[PDB]
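Novice: Mind having a look at this structure? Questions to follow.
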Amino acid sequence: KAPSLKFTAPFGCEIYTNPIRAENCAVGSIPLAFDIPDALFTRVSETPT
Amino acid sequence: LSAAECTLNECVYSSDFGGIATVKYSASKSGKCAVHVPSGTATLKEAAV
């Protein structure tokens with residue numbers, strides 16, 4: 001029994017059991033898309049300047 | 001008036017009255033009178049302030 005994947009995983013993952021899953025593997029990057037409606041854009045003079 | 005200065009707070013060339021100009025003046029008498037733009041550059045909302 002060469003040690004578990006809990007202790008040997010690259011990027012510092014955190015292997016768990018009941019769903020077989022890894023946690024918090026610091027690798028890659030998430031891109032994001034924001035479809036923002038036009039109602040949220042407050043005008044200039046309703047904010048300090 | 002005497003020594004009046006005009007700055008543009010909001011400026012958006014929208015179809016409605018989408019621009020705010022705050023005229024910083026210094027008046028000899030305190031009384032209402034009429035503002036106007038001679039050109040077709042801007043169309044003012046109110047006739048007097």
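We name chains A, B, ... following the order of the structure tokens; residues begin at 1 in each chain, and ligands are numbered from 1 as shown.
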Can you pull out the residues contacting stretch 35-47 of chain B? Cut-off 12 Å, using only C-alpha atoms, and skip same-chain residues under 4 positions away; I want them as an NGL selection string.

Specialist: :B and (11-21 or 23)

Novice: Include N, CA and C atoms and write out the residues we just selected as a short mmCIF file (atom, residue, chain, number, x, y, z; two decimals), in the first residue's frame.

Specialist:
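Result file is out30.cif:
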```cif
data_model
loop_
_atom_site.label_atom_id
_atom_site.label_comp_id
_atom_site.auth_asym_id
_atom_site.auth_seq_id
_atom_site.Cartn_x
_atom_site.Cartn_y
_atom_site.Cartn_z
N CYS B 11 -23.05 63.75 -19.47
CA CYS B 11 -23.11 64.05 -20.89
C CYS B 11 -23.29 62.71 -21.58
N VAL B 12 -24.50 62.46 -22.04
CA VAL B 12 -24.84 61.29 -22.84
C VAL B 12 -25.74 61.77 -23.97
N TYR B 13 -25.35 61.49 -25.21
CA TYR B 13 -26.13 61.97 -26.35
C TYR B 13 -27.30 61.02 -26.64
N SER B 14 -28.21 60.96 -25.68
CA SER B 14 -29.39 60.13 -25.80
C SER B 14 -30.51 60.92 -26.47
N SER B 15 -31.66 60.27 -26.63
CA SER B 15 -32.76 60.89 -27.35
C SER B 15 -33.55 61.83 -26.46
N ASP B 16 -33.53 61.62 -25.15
CA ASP B 16 -34.19 62.50 -24.20
C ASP B 16 -33.20 63.55 -23.69
N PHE B 17 -33.58 64.23 -22.61
CA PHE B 17 -32.71 65.22 -21.98
C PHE B 17 -31.69 64.48 -21.12
N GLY B 18 -30.60 64.07 -21.76
CA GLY B 18 -29.61 63.24 -21.11
C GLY B 18 -28.29 63.93 -20.85
N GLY B 19 -28.33 65.20 -20.45
CA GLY B 19 -27.13 65.92 -20.08
C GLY B 19 -27.36 66.93 -18.98
N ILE B 20 -26.45 66.99 -18.01
CA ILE B 20 -26.60 67.86 -16.85
C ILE B 20 -25.44 68.85 -16.84
N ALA B 21 -25.77 70.14 -16.90
CA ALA B 21 -24.78 71.21 -16.83
C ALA B 21 -25.09 72.09 -15.62
N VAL B 23 -24.23 75.40 -13.84
CA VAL B 23 -23.63 76.71 -14.04
C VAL B 23 -23.39 77.35 -12.68
#
```

Novice: Excluding residue B:1 and residues on its chain fewer than 4 positions from it, collect all residues at most 10 Å away from it, counting only C-alpha atoms, and give them as an MDAnalysis selection string.

Specialist: chainID B and resid 25:30

Novice: What residues in chain A get the DSSP label alpha helix (DSSP H)? Please answer as a ChimeraX atom specification.

Specialist: /A:5-8

Novice: Grab the residues selected above and save them as an mmCIF file, in the first residue's frame with N, CA and C atoms.

Specialist:
```
data_model
loop_
_atom_site.group_PDB
_atom_site.id
_atom_site.type_symbol
_atom_site.label_atom_id
_atom_site.label_comp_id
_atom_site.auth_asym_id
_atom_site.auth_seq_id
_atom_site.Cartn_x
_atom_site.Cartn_y
_atom_site.Cartn_z
ATOM 1 N N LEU A 5 -3.972 8.774 -2.240
ATOM 2 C CA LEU A 5 -3.932 9.952 -3.084
ATOM 3 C C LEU A 5 -4.200 11.212 -2.275
ATOM 4 N N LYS A 6 -4.617 11.052 -1.020
ATOM 5 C CA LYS A 6 -4.809 12.164 -0.103
ATOM 6 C C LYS A 6 -3.487 12.829 0.255
ATOM 7 N N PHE A 7 -2.385 12.079 0.210
ATOM 8 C CA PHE A 7 -1.076 12.580 0.600
ATOM 9 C C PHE A 7 -0.134 12.786 -0.572
ATOM 10 N N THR A 8 -0.455 12.269 -1.754
ATOM 11 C CA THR A 8 0.475 12.268 -2.873
ATOM 12 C C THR A 8 -0.006 13.079 -4.063
#
```

Novice: Find the residues near stretch 26-37 of chain A: any atom within 10 Å, counting only C-alpha atoms, skip ones fewer than 2 places away on the same chain, and give them as a short mmCIF file (atom, residue, chain, number, x, y, z; two decimals) with N, CA, C and O atoms, in the first residue's frame.

Specialist:
```cif
data_model
loop_
_atom_site.label_atom_id
_atom_site.label_comp_id
_atom_site.auth_asym_id
_atom_site.auth_seq_id
_atom_site.Cartn_x
_atom_site.Cartn_y
_atom_site.Cartn_z
N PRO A 10 -0.77 15.89 -6.80
CA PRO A 10 -0.21 17.18 -7.21
C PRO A 10 -1.21 18.31 -7.06
O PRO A 10 -2.41 18.10 -6.93
N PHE A 11 -0.66 19.52 -7.00
CA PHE A 11 -1.34 20.80 -6.81
C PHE A 11 -2.06 20.93 -5.47
O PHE A 11 -2.82 21.88 -5.28
N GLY A 12 -1.82 20.03 -4.53
CA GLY A 12 -2.46 20.13 -3.24
C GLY A 12 -3.94 19.84 -3.25
O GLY A 12 -4.73 20.66 -2.77
N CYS A 13 -4.34 18.70 -3.79
CA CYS A 13 -5.75 18.35 -3.82
C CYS A 13 -6.13 17.67 -2.51
O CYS A 13 -5.28 17.27 -1.72
N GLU A 23 -10.70 18.20 -4.12
CA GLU A 23 -11.04 19.53 -3.66
C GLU A 23 -9.87 20.46 -3.85
O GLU A 23 -8.72 20.06 -3.61
N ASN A 24 -10.16 21.66 -4.33
CA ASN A 24 -9.33 22.84 -4.12
C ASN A 24 -7.98 22.70 -4.81
O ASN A 24 -6.96 23.24 -4.37
N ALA A 39 -30.71 47.79 -16.52
CA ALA A 39 -31.34 48.50 -15.42
C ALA A 39 -30.37 48.77 -14.28
O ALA A 39 -30.55 49.73 -13.53
N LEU A 40 -29.33 47.94 -14.14
CA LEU A 40 -28.40 48.09 -13.03
C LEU A 40 -27.44 49.25 -13.21
O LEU A 40 -26.84 49.70 -12.23
N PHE A 41 -27.28 49.76 -14.43
CA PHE A 41 -26.32 50.83 -14.68
C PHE A 41 -26.91 52.16 -14.22
O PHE A 41 -27.64 52.83 -14.95
#
```

Novice: Tell me the residues of chain A close to chain B, meaning within 9 Å using only C-alpha atoms, as a PyMOL selection string.

Specialist: chain A and resi 43-45

Novice: Suppose you want the space between atom CA of residue A:49 and atom CA of residue B:49; what is it in Å?

Specialist: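 A separation of 24.4 Å between them.
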